[PDB]
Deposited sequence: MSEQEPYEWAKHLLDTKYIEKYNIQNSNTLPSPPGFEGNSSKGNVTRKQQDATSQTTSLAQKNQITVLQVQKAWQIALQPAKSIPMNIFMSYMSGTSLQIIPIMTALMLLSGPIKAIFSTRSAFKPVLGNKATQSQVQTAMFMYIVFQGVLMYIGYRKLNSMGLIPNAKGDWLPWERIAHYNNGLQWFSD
């Protein structure tokens, strides 16, 4: 084959001198021919602290309207999301406090989900969960009993 047309016109430096210019009188031109740090700090403070309100009393009343029963998988799955999402999601001297506050209140939302799962009874704390793996008192151990 023959090579590209952009490169036949690129090697010869005399072609660009041969390349003339058209007259431009009525030729149309194309169309068109610190506070940033403080606002960045406020945007990052809303990124780390204004996400906290969702984790606040709105979410507390949202988990208080589920009544603490195991009979649906939507409260259990949303409590698992409240457990795992904060777990998955966990001028320089001003944003470190909000960066610590964000993960602290994500841990607070994780504790809210833990409180929901514990008020459901879905956490193996008491002896009713470890009752099937609890052994038997062997009473006889060398005698037999038969009755009339």
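Residues 1 to 3, 37 to 60, 118 to 132 of the deposited sequence have no C-alpha coordinates in the model.
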